[PDB]
Structures are given as structure tokens and as C-alpha cells.
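To keep things clear, I will list the structure first and then write my remarks on it.
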Amino acid sequence: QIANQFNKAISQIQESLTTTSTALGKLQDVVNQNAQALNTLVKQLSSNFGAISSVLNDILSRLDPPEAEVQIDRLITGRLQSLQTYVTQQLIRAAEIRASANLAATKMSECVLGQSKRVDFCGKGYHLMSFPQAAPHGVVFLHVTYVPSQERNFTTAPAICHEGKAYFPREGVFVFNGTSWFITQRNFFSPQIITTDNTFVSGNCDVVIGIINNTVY
Amino acid sequence: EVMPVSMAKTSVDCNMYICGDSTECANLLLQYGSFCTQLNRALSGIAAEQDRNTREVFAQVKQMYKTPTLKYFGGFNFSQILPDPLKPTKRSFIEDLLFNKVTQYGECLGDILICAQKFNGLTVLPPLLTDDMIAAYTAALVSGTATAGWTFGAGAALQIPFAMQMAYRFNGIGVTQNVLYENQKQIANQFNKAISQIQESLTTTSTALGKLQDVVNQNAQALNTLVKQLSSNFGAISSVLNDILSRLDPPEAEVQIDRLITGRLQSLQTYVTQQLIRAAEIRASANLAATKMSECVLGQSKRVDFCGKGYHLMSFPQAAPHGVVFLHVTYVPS
Amino acid sequence: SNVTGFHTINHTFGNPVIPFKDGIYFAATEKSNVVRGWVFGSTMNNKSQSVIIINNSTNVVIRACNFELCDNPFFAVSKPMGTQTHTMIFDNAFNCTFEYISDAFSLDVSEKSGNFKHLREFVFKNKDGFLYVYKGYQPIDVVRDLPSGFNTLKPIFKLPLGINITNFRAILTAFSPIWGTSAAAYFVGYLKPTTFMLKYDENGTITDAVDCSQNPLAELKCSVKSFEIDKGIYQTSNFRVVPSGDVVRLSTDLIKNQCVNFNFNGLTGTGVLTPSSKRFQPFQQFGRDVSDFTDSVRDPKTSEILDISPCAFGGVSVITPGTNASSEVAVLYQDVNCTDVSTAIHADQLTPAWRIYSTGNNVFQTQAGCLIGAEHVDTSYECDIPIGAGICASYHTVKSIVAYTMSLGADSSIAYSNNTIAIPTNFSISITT
Amino acid sequence: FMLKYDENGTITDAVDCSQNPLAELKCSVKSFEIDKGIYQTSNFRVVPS
Ligand SMILES: *[C@@H]1O[C@H](CO)[C@@H](O[C@@H]2O[C@H](CO)[C@@H](O[C@@H]3O[C@H](CO)[C@@H](O)[C@H](O)[C@@H]3O)[C@H](O)[C@H]2NC(C)=O)[C@H](O)[C@H]1NC(C)=O
Ligand SMILES: *[C@@H]1O[C@H](CO)[C@@H](O[C@@H]2O[C@H](CO)[C@@H](O)[C@H](O)[C@H]2NC(C)=O)[C@H](O)[C@H]1NC(C)=O
Ligand SMILES: *[C@@H]1O[C@H](CO)[C@@H](O[C@@H]2O[C@H](CO)[C@@H](O)[C@H](O)[C@H]2NC(C)=O)[C@H](O)[C@H]1NC(C)=O
Ligand SMILES: *[C@@H]1O[C@H](CO)[C@@H](O[C@@H]2O[C@H](CO)[C@@H](O)[C@H](O)[C@H]2NC(C)=O)[C@H](O)[C@H]1NC(C)=O
Ligand SMILES: *[C@@H]1O[C@H](CO)[C@@H](O)[C@H](O)[C@H]1NC(C)=O
Ligand SMILES: *[C@@H]1O[C@H](CO)[C@@H](O)[C@H](O)[C@H]1NC(C)=O
Ligand SMILES: *[C@@H]1O[C@H](CO)[C@@H](O)[C@H](O)[C@H]1NC(C)=O
Ligand SMILES: *[C@@H]1O[C@H](CO)[C@@H](O)[C@H](O)[C@H]1NC(C)=O
Ligand SMILES: *[C@@H]1O[C@H](CO)[C@@H](O)[C@H](O)[C@H]1NC(C)=O
Ligand SMILES: *[C@@H]1O[C@H](CO)[C@@H](O)[C@H](O)[C@H]1NC(C)=O
């Protein structure tokens with residue numbers, strides 16, 4: 001079952017990466033923000049900033065060298081401050097990529113090279129293992145997780161009274177099958193016989209709330 | 001623990017700011033190119049990130065669980081954490097205290113309205129999720145924890161009685177299960193008194209929500225400085241464009257108007273740059289709050305000093321203006 | 001845009017003085033080459049300079065002179081001969097400033113049967129003393145008016161005439177077996193100062209264009225610089241309300257609750273005047289806001305205390321399902337009262353204004369502003385395109401653009417019981433990226 | 001001076017900004033009420049003699 005559910009889940013990802021789009025939208029945004037920043041810096045070459053022309057040759061041709069020096073110096077501070085703006089905002093955006101690149105270095109060590117117990121770190125479900133893939137300007141992690149299903153109601157109890165002693169489960173819960181009492185774990189239903197091997201002995205009966213009269217092997 | 005997740009989001013009209021309905025001013029702005037397109041792009045990009053920050057914290061669950069009518073779950077009294085339907089506020093009693101301690105530009109106030117505008121170009125936009133939607137996501141996270149626990153977030157929610165849920169979380173910190181069941185009367189009473197001491201602190205005193213107030217105050221100083229730069233002359237004849245037109249011939253009027261343009265257009269560019277730097281700091285705090293909600297409300301943390309001091313048992317979110325408040329229930333030995 | 005059609009039909013010989021004004025678009029449906037020439041000038045008299053650009057069936061003749069102009073300029077072709085007989089454009093010329101004659105050819109002048117087979121397209125413009133002449137051609141088969149379509153026009157002349165052209169007259173050809181006509185039509189549109197976005201392919205040929213001021217969808221395409229636009233909400237150019245009125249206290253009456261251009265004693269500006277309850281002292285002429293802006297004034301004739309609101313302004317956002325899905329859009333006028341927006345649209349007081357655009361009687365006011373074009377649906381779905389304050393929009397079957405309040409998630413319930421636990425009995429393996 | 005106007009436009013209180021360091025602080029903060037802390041205010045110079 002587990003090998004087949006694993007093999008089909010890879011094939012459904014491969015289908016999504018041929019059929020549809022927008023799964024890699026965060027990588028496209030890195031590309032598009034760099035295009036807008038360069039295109040704006042180019043476009044500022046065409047601005048006049050109040051001068052006679054945006055072309056330095058037309059300033060030299062049309063004007064005497066005293067006012068030519070003033071109109072050229074007017075275009076310098078216009079262009080030199082557009083250049084300083086670009087440098088400042090690339091520097092702010094580089095701080096945001098470090099934040100995302102440091103998180104990807106944490107998701108690779110703690111999740112590919114190990115097994116995470118942090119909930120919603122490394123995908124939804126109980127984390128089993130994880131596989132990196134490369135991308136333009138990024139990573140893609142494929143997280144294999146375990147999802148439990150097909151719930152079933154049971155009657156339960158905190159303790160069982162036997163011969164005047166309260167018996168607690170050491171791990172898991174007591175459930176009532178419908179016919180008899182079993183001890184089981186919470187993430188999968190596997191009922192077992194309540195013996196003294198898996199059951200913690202402590203205190204007397206009629207102390208805690210909800211003790212069931214039963215026998216313990 | 002008090003964590004801000006979002007920032008007030010603003011917009012600026014250049015022509016109301018730079019010129020203020022002057023036609024000669026409006027013509028000289030074209031010589032600078034499309035500066036107002038890039039100032040509108042940068043401010044609208046910040047505004048969309050502020051909505052993304054709020055979704056990632058609160059909207060982590062797919063199902064909205066109805067608030068139970070039994071709020072006394074085996075001795076543990078949750079009536080000040082869940083909303084009371086008898087009083088028409090749709091907020092818990094602790095959120096009513098949080099919403100009363102954190103408490104010039106265009107803004108449309110009211111409910112579905114008075115849309116008032118100012119002579120500067122400055123305005124504040126409303127967020128996508130209203131306060132009433134935030135309080136519905138918080139009440140689903142509390143009532144999911146009270147009845148389902150871990151499986152509320154990492155899968156389909158499993159019903160479990162509340163005391164058997166506390167027994168598991170005691171087991172997870174290295175204390176065996178009988179310590180809970182033999183001492184439910186002590187633990188329910190210590191739990192109920194510790195909620196009431198928090199409620200007292202949020203009526204008696206202040207400065208617990210200082211980080212949320214700082215988000216508010218930094219946005220006020222940034223707008224008030226941008227307004228105040230309208231009064232500067234930058235070396236020109238007057239800060240008022242009408243007095244430049246009245247007193248001066250159109251050759252020097254064009255020079256003195258163009259002098260005030262670059263003065264105002266660079267004050268506007270400074271505001272945009274520093275809002276963009278401050279938005280990077282709110283993402284850092286809003287990403288941490290999204291980590292403290294999944295790993296600590298929807299689970300149980302083993303990281304020491306993550307999720308409060310002591311051995312972490314469980315944790316309850318509450319909403320706040322521009323932020324979250326986490327109430328961490330921890331175990332202290334003695 | 002609306003073009004004006006003229007006729008060469010049984011008794012109709014349309015060669016009047018048509019105004020030029022800016023540049024014209026001339027087109028002609030031909031089977032018999034009735035349209036041959038144009039007379040450009042101001043007064044159409046010999047007192048100033050005019051130019052005549054005619055195809056005289058041998059040459060293209062361009063002459064800019066003081067011409068003794070005919071009040072009826074024409075060529076004439078005999079119907080039983082099929083040849084040109086008359087050349088009556090002017091009688092005499094003097095003080096010529098420009099002349100050019102093209103290569104010789106032999107032109108089909110005879111009257112033809114059948115439908116119109118040829119559409120010639122010209123554009124005429126005045127710039128820096130030059131007459132710009134643009135030429136295109138499209139094969140047609142029509143019995144009637146201008147066909148729809150897209151075809152570029154290439155330049156053929158830059159004529160340094162140096163004359164003042166404010167009017168023009170088309171030169172027709174009279175066909176008689178003694179005057180007469182035969183079937184032809186010519187069209188006159190006017191050029192406007194506007195913005196287009198032109199697309200050039202790999203050969204440098206213009207293949208497509210978009211008029212940026214036709215409708216909100218086209219203004220969006222000019223902003224994005226793309227003919228293809230995906231689903232979303234898109235910020236575009238700001239809107240203003242233009243004032244209509246003048247209040248001066250010569251002296252005029254006091255217009256209230258309307259964006260006017262006011263001039264009180266020493267205070268000017270645009271805005272909306274309305275009475276108020278600010279308690280001025282008897283020595284306080286006007287008031288100010290928490291900033292340094294005048295927001296109120298004491299009326300210098302009757303001492304009424306008025307408020308001054310700004311006129312109106314805001315941003316414009318265009319909501320679209322994508323050009324792959326439809327070509328209808330909704331607009332959001334951000335942070336503005338819908339009374340001011342709707343009235344200023346109907347009275348044509350907004351800047352920008354679009355030609356092919358209407359309200360549609362779907363005006364809905366949210367906290368984000370006025371939403372025009374989308375329908376208000378009283379249910380709740382997942383948020384598709386966010387607008388603000390709990391309201392989203394999408395493209396649903398009712399298809400059309402609809403506006404609604406968001407749903408938060410599935411409405412569910414967990415029964416609480418003190419002795420019942422749920423335990424899963426199977427599992428699944430899932431891979432997430 | 002820093003003048004305080006109420007809702008009717010009546011001046012109800014004032015602070016002379018050069019009386020003492022406390023009042024110069026109130027003019028800087030623009031508040032008649034000031035909480036506990038350390039507060040940066042205007043630079044000092046020594047005048048030559
Ligand atoms: C769980 O804890 C809450 C703590 O709020 C308990 O509710 C509180 O009970 C007291 C007295 O039983 C209420 O005080 C009374 O309030 C009324 C209403 O104004 C007033 O007229 C009386 O003079 C008196 O002060 C108090 O309001 C009430 N709090 C709320 C929020 O309802 C509750 O009893 C505890 N649950 C259980 C099962 O013990
Ligand atoms: C651009 O124009 C060139 C003409 O030079 C086209 O190139 C010709 O294309 C045909 C196919 O239709 C080939 O058989 C010729 O050999 C090409 N000529 C040359 C000189 O390469 C080209 O197809 C045009 N591009 C488009 C998009 O129409
Ligand atoms: C657990 O669930 C899986 C899948 O939901 C069940 O496996 C399916 O069994 C049927 C036989 O009726 C096959 O046709 C399917 O192909 C199986 N699915 C997969 C993914 O292999 C399985 O039977 C369930 N087991 C229990 C005990 O409920
Ligand atoms: C501001 O001045 C107004 C005077 O117009 C005061 O308003 C009056 O207040 C009295 C109560 O003392 C009422 O009985 C009157 O009806 C009010 N008059 C009007 C016209 O509303 C107001 O109290 C003053 N404000 C302050 C803070 O002193
Ligand atoms: C468990 O009991 C609840 C009653 O609260 C019921 O709604 C649910 O369907 C039951 N589970 C199953 C698997 O039948
Ligand atoms: C649980 O009960 C069913 C019928 O009620 C029975 O067939 C089954 O054997 C029981 N489980 C175990 C582990 O004995
Ligand atoms: C659980 O509640 C039921 C009533 O719904 C009551 O009869 C029973 O005694 C309770 N048991 C425990 C252990 O609290
Ligand atoms: C369990 O059995 C004891 C006798 O050993 C009896 O006193 C008690 O009442 C029983 N409890 C229940 C719940 O039947
Ligand atoms: C719009 O203006 C009118 C004034 O005629 C006012 O009654 C209405 O409440 C205003 N609407 C909003 C939303 O401000
Ligand atoms: C063009 O004229 C028609 C009537 O001939 C009219 O209905 C239409 O509105 C006009 N178009 C424009 C853009 O004014």
C-alpha cells in the first residue's frame with residue numbers, strides 16, 4: 001500500500017508541473033522585480049529634469065559653454081540621483097532574499113538531512129522524509145507526509161479499577177470495542193489486551209473521575 | 001506574548017501633494033518622467049504584503065468550528081477566551097480588553113459611512129479582513145484546541161475529551177499520566193486563577209501592548225513629517241504656489257515653481273523608501289507569529305523559551321489591533 | 001469615431017469647402033477613379049497661397065501658388081469616350097513657392113460597371129510648414145460605405161509648402177454623355193491628439209494597435225504594455241473632478257454643495273462650499289485645519305460660516321477576469337462618495353474620461369470606494385479578487401462580474417463528550433511541494 | 001510659546017519654551033503630559049569669548 005501511494009503521489013506532482021501554472025509564482029516574482037528595476041533606471045535617461053534636452057549633444061550644440069555647463073550639470077544630478085535610488089532599493093531587496101535563503105538552508109538541514117517534529121514546518125501532516133529539487137533562483141522541496149484517515153468513535157476511560165488499585169495506561173488510551181476493553185495508540189487503531197506489561201499501577205480506586213470496573217491480566 | 005503582524009497601509013496622490021491643484025505645477029511634473037507611477041507601485045506593493053501577512057497568521061485552518069455551548073471542560077473554565085453569544089460583540093472578554101489598550105489624513109469611517117478627504121494627497125486604505133473576521137478565526141482556533149488538539153491542524157480533527165488531552169501533554173513533558181488524574185482539582189484551579197490574573201492586568205495596568213502601540217506611533221510620525229514638508233520653502237520665494245504666481249513674472253515663476261517641485265518630490269521619495277524598509281521588519285515579525293501559531297497552538301513545542309517559560313503544555317491565540325496575543329500555559333516545577 | 005460620408009451619385013457632386021482644422025483622414029471607394037485631387041488653403045481665393053495635388057491621368061501635379069481657384073474644381077470624363085476631356089482646377093497661377101511632378105503613367109479614367117474594387121486611404125497633416133501625405137491601399141468589394149478593418153498607411157510625401165491650410169476641397173470627376181456623376185464615395189474623419197500603443201513585429205511592420213482612451217480595458221493595456229492581461233485588480237491613473245462654477249465674494253452668488261472655483265476676500269482655490277457650525281470669534285476671518293490648509297471661511301457679505309472640502313480625487317482600479325476569459329471589466333473609484341462619482345460621470349466632469357463607457361446602473365459603495373459595473377450578489381463564496389473591507393469579486397454565471405462578501409471556511413461542528421474519542425483506522429501518503 | 005486651543009477655539013493654556021529644561025521638552029514632544037524616560041532635545045554650543 002505504502003509503495004503504491006508513494007508512486008502515485010509523485011506522478012500527480014509531475015502532472016501538475018506539465019498541466020498548469022502559478023506553482024512557481026514566487027520564483028517568477030524574483031525575476032519580474034529585477035526587470036522593473038532595470039527598466040525604470042533606463043527610462044530615467046529620457047527625462048529632462050527641467051533642462052533643455054535629455055541629450056547632452058543637443059545641449060552642447062544649441063548653447064554657449066557657460067549655460068551649456070549649467071544645463072549639463074543639471075542633468076548630472078538628475079541622473080546621479082536616479083542611480084542612487086536604484087542602489088538603495090536593490091540593497092533593501094537583497095535583505096529580503098537573505099531572509100528567504102536562510103530559511104531554505106534551515107529547511108534543508110532540518111528536514112532533508114533529518115526528520116522534523118515541528119508542526120507545519122516541512123508540509124502538512126506527520127513528516128516522514130523530504131527531497132530537494134533545483135529551480136531557477138531557488139529550491140523546490142517535495143515533502144512526503146503521513147495523513148491519518150477513516151475515523152471511528154469509541155467509548156473511552158481514564159483508568160481501570162482492579163482489586164482496589166487504579167490502573168492507568170502507560171502509553172495510549174483505553175478504548176471500548178463494543179464488547180471488551182483494549183488499549184491502543186492514538187494515531188492508528190490497533191487494539192491490544194490490557195496486561196500489566198503496558199499498564200501503569202498507581203493509587204487506589206475511587207480517587208480519579210471515571211474509573212471502569214474491569215480485570216487486568 | 002504580544003506580536004505585531006501588520007502595518008497601516010497608505011496611498012499618496014502626487015498631484016494633490018506636489019502641486020495642490022496648480023496647473024503650471026502639473027505641467028512641469030511631466031519633465032520628470034513617470035515618478036508617480038513608480039511611487040504608486042511601491043506603495044501598492046507594500047499594501048498587498050500587509051494583507052498577505054494577516055492571512056498567513058490567522059487563516060491556517062480550513063474549517064470554522066462552531067463555538068461549543070459547554071465552556072466548562074472538566075473544571076477548566078474557558079468563558080473568557082471563547083466569545084459569549086449573549087453579549088453582541090462577537091469577541092471574547094480578553095479581546096475586549098486588548099482592543100481598548102492599544103487605542104490628518106484621508107479616511108472613510110463607519111460600517112456597512114463618512115468618506116472625508118484632506119487637501120494633501122494622503123489617505124489610508126482599509127484592510128481585506130475586517131476585525132470581525134479576525135475574531136472568527138481566533139474563536140475557531142480556541143474551540144478546536146479545546147476539543148481536538150494536535151489533529152486540528154496536522155490533519156482531520158479527532159474528538160478527544162479534554163482531560164485526556166491534558167494527560168497526553170503532561171506525558172509529553174516527561175511527567176507521567178497519573179499526575180494529571182490524581183490532581184485535576186489542583187490543576188483546574190491553578191488554570192482558572194491564572195486566567196483571572198491576566199484579565200486583571202489588562203484592566204489595571206498598561207505597557208503590556210507596547211509593541212502594538214509602537215507600530216501605530218511610527219506610522220503617525222512618518223505621515224506627520226511628510227505633511228510638514230509642504231510648509232518648507234527649499235530656498236524658494238514662498239511655500240505657496242499661488243504667491244509665486246502672483247508675485248513673479250512667468251520666467252522666474254517657472255524657476256521658483258520648479259524649485260518647489262524637486263523639494264516636494266524628494267520628500268515623497270524619502271517616505272516611500274522608509275515605508276519599504278519598515279515593511280521588511282513587519283514581515284519578520286509576522287513570519288514569526290505564523291511560526292508560533294502552527295508550532296505552538298496547533299501542536300506542542302519542545303524548544304526551550306519558544307512559547308513561554310517552562311515546559312509548554314498548550315497555547316491560546318487572541319486577536320489585537322495589528323497583531324496577535326498568545327496566552328501560553330506552561331508547567332513550572334517547585 | 002464618427003466619419004462623415006459624401007457622395008458622387010446622380011445629382012450629388014460633393015466638392016464643398018470642408019474644414020481641415022487639425023489634419024484629416026480621407027478615404028475613397030473607387031471603381032472609376034472619380035476622386036483625383038484636393039485643394040488646400042484658407043480662403044480658397046487668389047489672395048493667398050494654396051496648393052493643389054491632382055492626378056491629371058498623366059502625372060501627379062503638386063503646385064503651391066497664388067491660384068485663380070474655381071468655385072467648382074473638377075476633372076471631366078466623357079462616358080461614351082471613356083477618356084478625360086477637361087482639366088478645370090484653376091485658370092492661372094503666379095508667385096509659386098513649390099512645385100513637384102511625379103513619374104508619368106496612364107490612368108484608367110473610364111466609368112466601370114460592377115461594385116467598388118479599390119479603397120485608397122490618405123492622411124494629411126500640417127507640421128512645421130510641411131504637408132505630410134500618407135498612403136495606404138486595400139482591395140474591397142462593396143456596394144456601400146466604409147468597411148471595418150485595420151491597415152497601416154505609409155508616408156509618400158513631405159511637402160515644404162509653407163502655406164496656411166485650414167480648409168480643403170476634394171476634386172471630383174464629372175462623368176457626362178453637360179455635367180454628371182458616377183458612383184463613388186469619399187469619407188472625411190478628423191485627427192485628434194491622442195495616445196496609441198503600436199505593436200511592431202520582427203520585420204518592423206505595425207501589425208496591431210490600441211487606443212489608450214477608448215475604454216477602461218484599453219487604458220489598462222497601455223499601462224501594462226501588453227495586449228494580454230491575466231485576472232486580477234490593477235491600479236491605473238488617478239481621477240479628478242473638474243470644477244463647474246465661479247463664486248467671488250465683482251461679486252457673485254454663493255453656489256453650495258458643488259465643486260466650484262471660489263475666490264473669497266483673499267482666499268482662492270477649488271472646492272465644495274457648505275455651511276458649518278465652527279464658532280468663529282467676531283475677529284476671525286477664516287479657519288485652518290490641523291495642517292496648514294484653509295478649511296473654513298467667514299462669508300464677507302453675510303457672515304455665514306462655510307466649510308471648504310477638496311473637490312474630489314482618488315485612484316482608479318480596473319477589475320478584470322482576464323482577456324483570455326472576457327473583455328468586460330469593472331472599475332473601482334477608490335475612496336470617494338458615489339454621489340459625486342455618478343453625477344460627475346453623467347455631467348462629463350471627470351478626468352480621465354473614456355469614449356465607449358457607461359455606468360450601467362450598477363453602482364455600489366463599499367469602504368474601498370465606488371464599484372461600478374459589478375453586480376451585488378447576496379451570498380458568500382471564496383475570495384477570488386480582493387477589493388477590501390470583506391468584499392471580493394469574481395466572474396460567475398448569473399457570465400458577469402459579481403461582488404460579494406467573503407466566506408471564511410467550511411461551517412462545521414465538533415460534538416463535545418466526556419467519554420468519546422475518535423481514532424483513525426487507515427492512512428495515506430501525500431507529497432506536497 | 002506653545003498654545004493650546006480647546007474645541008471652541010479658546011486658548012486655555014500655554015508653555016514658554018525657553019523658561020526651563022522641562023518646558024523646552026514639552027515644546028519638543030508637543031504635549032503637556034510627559035511619561036518617564038530620557039528624551040533627546042536641542043543641541044548645545046559654546047559661544048566664543
Ligand atoms: C467561569 O468563570 C466566569 C468568570 O467570568 C464565571 O462567570 C462570572 O460569575 C460571576 C458570579 O457567578 C458574575 O458576577 C455577577 O455578574 C452580574 C452581571 O452583571 C452582576 O449583576 C452580579 O452583581 C455579579 O457581579 C460574572 O459576571 C460572571 N462573568 C461572566 C463573564 O459572565 C463563571 O461562573 C465560571 N463558570 C463556572 C461554571 O463556574
Ligand atoms: C519578414 O520578412 C521576410 C522577408 O525578407 C520574411 O522572410 C521570408 O520568408 C519566406 C517564408 O514565408 C521565406 O521563403 C523567405 O526565404 C524569407 N526571406 C528571407 C530574405 O529570409 C519573413 O517571413 C517575414 N516575417 C514575418 C513574421 O512575416
Ligand atoms: C485504506 O485506504 C486505501 C485507500 O483509501 C485502501 O486501498 C484501496 O483498496 C482498493 C480495494 O477495494 C483498491 O482498489 C485501491 O486501489 C486501494 N487504494 C490504494 C491507494 O492502494 C485500503 O483498502 C484501506 N484499508 C482499510 C483497512 O480500510
Ligand atoms: C463651547 O461653547 C459652546 C457655546 O456655543 C458651549 O455649548 C453650550 O454648552 C452648554 C452647557 O454648558 C449647553 O447648555 C448649551 O446648549 C451649549 N450651546 C450650544 C450652542 O451648543 C460648549 O459647552 C463650549 N465647550 C466647552 C468645552 O466649554
Ligand atoms: C462519531 O459521532 C458523531 C456524533 O457526535 C457523529 O456525527 C460522527 O459521524 C461519528 N463518527 C462516525 C465515523 O460515524
Ligand atoms: C471487537 O469486537 C468485534 C465485534 O464486536 C469482534 O469481532 C472483535 O474480535 C473484537 N476485537 C478484538 C481485538 O477482539
Ligand atoms: C459524563 O457526562 C455524563 C452526562 O453527559 C455523565 O452522566 C457522566 O457521569 C460523566 N462522566 C464523567 C467521567 O465525567
Ligand atoms: C465497581 O465495583 C465495586 C465493587 O468491587 C463497586 O463498589 C462499584 O460501585 C463498582 N463501580 C461501578 C461503576 O459499577
Ligand atoms: C455622499 O454625499 C451625500 C450628500 O449629498 C451624503 O448624504 C452621503 O451620506 C454621502 N455618502 C457617503 C458614503 O459619504
Ligand atoms: C457617433 O454618432 C452616432 C449617431 O450617428 C452616435 O450614436 C454615437 O454616440 C457617436 N459616437 C461618439 C463617440 O460620439
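Chain labels A, B, ... are given in the sequence in which chains occur in the C-alpha cells; within each chain residues are numbered consecutively from 1, and ligands are likewise numbered from 1 in the order shown.
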
Please identify all polymer residues within 12 Å of segment 33-38 of chain D, counting only C-alpha atoms, omitting same-chain residues fewer than 3 positions from it, and present them as an NGL selection string.
(:B and (207)) or (:D and (15 or 22-30 or 41))

Pull N, CA, C and O atoms from the residues just selected and write them as a PDB file, in the first residue's frame.
ATOM      1  N   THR B 207       1.219  49.159  29.226  1.00  0.00           N
ATOM      2  CA  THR B 207       2.535  48.874  28.644  1.00  0.00           C
ATOM      3  C   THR B 207       2.777  47.403  28.315  1.00  0.00           C
ATOM      4  O   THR B 207       3.882  47.043  27.898  1.00  0.00           O
TER       5      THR B 207
ATOM      6  N   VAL D  15       2.738  77.323  27.236  1.00  0.00           N
ATOM      7  CA  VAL D  15       4.036  76.921  27.766  1.00  0.00           C
ATOM      8  C   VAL D  15       5.122  77.766  27.117  1.00  0.00           C
ATOM      9  O   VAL D  15       5.200  77.838  25.889  1.00  0.00           O
ATOM     10  N   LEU D  22      12.406  71.640  31.443  1.00  0.00           N
ATOM     11  CA  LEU D  22      11.171  70.881  31.379  1.00  0.00           C
ATOM     12  C   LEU D  22      10.248  71.443  30.316  1.00  0.00           C
ATOM     13  O   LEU D  22       9.596  70.693  29.585  1.00  0.00           O
ATOM     14  N   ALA D  23      10.209  72.763  30.184  1.00  0.00           N
ATOM     15  CA  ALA D  23       9.280  73.368  29.244  1.00  0.00           C
ATOM     16  C   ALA D  23       9.765  73.226  27.818  1.00  0.00           C
ATOM     17  O   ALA D  23       8.958  73.121  26.893  1.00  0.00           O
ATOM     18  N   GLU D  24      11.079  73.232  27.620  1.00  0.00           N
ATOM     19  CA  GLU D  24      11.640  73.004  26.294  1.00  0.00           C
ATOM     20  C   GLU D  24      11.372  71.582  25.838  1.00  0.00           C
ATOM     21  O   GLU D  24      11.191  71.320  24.647  1.00  0.00           O
ATOM     22  N   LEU D  25      11.324  70.653  26.786  1.00  0.00           N
ATOM     23  CA  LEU D  25      10.933  69.285  26.485  1.00  0.00           C
ATOM     24  C   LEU D  25       9.482  69.197  26.037  1.00  0.00           C
ATOM     25  O   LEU D  25       9.165  68.448  25.111  1.00  0.00           O
ATOM     26  N   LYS D  26       8.584  69.946  26.682  1.00  0.00           N
ATOM     27  CA  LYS D  26       7.173  69.901  26.311  1.00  0.00           C
ATOM     28  C   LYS D  26       6.937  70.492  24.935  1.00  0.00           C
ATOM     29  O   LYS D  26       6.027  70.066  24.219  1.00  0.00           O
ATOM     30  N   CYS D  27       7.721  71.493  24.558  1.00  0.00           N
ATOM     31  CA  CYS D  27       7.577  72.071  23.233  1.00  0.00           C
ATOM     32  C   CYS D  27       8.071  71.114  22.168  1.00  0.00           C
ATOM     33  O   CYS D  27       7.554  71.100  21.051  1.00  0.00           O
ATOM     34  N   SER D  28       9.064  70.294  22.506  1.00  0.00           N
ATOM     35  CA  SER D  28       9.613  69.329  21.561  1.00  0.00           C
ATOM     36  C   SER D  28       8.663  68.167  21.329  1.00  0.00           C
ATOM     37  O   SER D  28       8.450  67.740  20.193  1.00  0.00           O
ATOM     38  N   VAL D  29       8.102  67.628  22.409  1.00  0.00           N
ATOM     39  CA  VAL D  29       7.188  66.494  22.314  1.00  0.00           C
ATOM     40  C   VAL D  29       5.836  66.947  21.771  1.00  0.00           C
ATOM     41  O   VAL D  29       5.123  66.170  21.125  1.00  0.00           O
ATOM     42  N   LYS D  30       5.516  68.237  21.936  1.00  0.00           N
ATOM     43  CA  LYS D  30       4.177  68.812  21.732  1.00  0.00           C
ATOM     44  C   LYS D  30       3.139  68.091  22.586  1.00  0.00           C
ATOM     45  O   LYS D  30       2.219  67.458  22.078  1.00  0.00           O
ATOM     46  N   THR D  41      16.790  66.272  23.028  1.00  0.00           N
ATOM     47  CA  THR D  41      16.344  67.581  22.573  1.00  0.00           C
ATOM     48  C   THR D  41      17.514  68.386  22.015  1.00  0.00           C
ATOM     49  O   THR D  41      18.527  67.803  21.626  1.00  0.00           O
TER      50      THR D  41
END

Could the residues that lie within 9 Å of ligand 1, counting only C-alpha atoms and all ligand atoms, be listed as a list in words?
residues 71, 72, 75, 76, 77, 78, 79, 80, 84, 93, 192 and 196 of chain B

Could you list, as a PDB file with N, CA and C atoms, in the first residue's frame, the residues of chain C having an atom within 10 Å of chain D when counting only C-alpha atoms?
ATOM      1  N   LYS C 278     -18.697  75.823  12.998  1.00  0.00           N
ATOM      2  CA  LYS C 278     -17.495  76.260  13.688  1.00  0.00           C
ATOM      3  C   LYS C 278     -17.720  77.646  14.271  1.00  0.00           C
ATOM      4  N   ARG C 279     -17.527  77.773  15.579  1.00  0.00           N
ATOM      5  CA  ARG C 279     -17.844  79.020  16.265  1.00  0.00           C
ATOM      6  C   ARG C 279     -16.666  79.980  16.148  1.00  0.00           C
ATOM      7  N   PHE C 280     -16.678  80.754  15.070  1.00  0.00           N
ATOM      8  CA  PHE C 280     -15.672  81.791  14.934  1.00  0.00           C
ATOM      9  C   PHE C 280     -15.902  82.879  15.966  1.00  0.00           C
ATOM     10  N   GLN C 281     -14.838  83.466  16.391  1.00  0.00           N
ATOM     11  CA  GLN C 281     -14.899  84.701  17.140  1.00  0.00           C
ATOM     12  C   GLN C 281     -15.169  85.842  16.176  1.00  0.00           C
ATOM     13  N   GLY C 287     -10.578  79.987   8.936  1.00  0.00           N
ATOM     14  CA  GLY C 287     -10.083  78.956   9.816  1.00  0.00           C
ATOM     15  C   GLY C 287      -9.079  78.063   9.113  1.00  0.00           C
TER      16      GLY C 287
END

Show me which bits of chain C are within 8 Å of chain B, counting only C-alpha atoms, as an MDAnalysis selection string.
chainID C and resid 238 269:270 290:293 309:310 312 314:315 335:337 366:368 386:391 408:423

Would you kindly return, as a ChimeraX atom specification, each protein, DNA or RNA residue with an atom no farther than 10 Å from any atom of segment 327-333 of chain C, considering only C-alpha atoms and excluding same-chain residues fewer than 6 positions away?
/C:215-218,233-235,238-239,313-321,341,359,362,364-366,368-375,387,393,400-402

Among the residues of segment 7-41 of chain D, find those DSSP assigns to alpha helix (DSSP H) from the backbone and print them as a ChimeraX atom specification.
/D:21-29
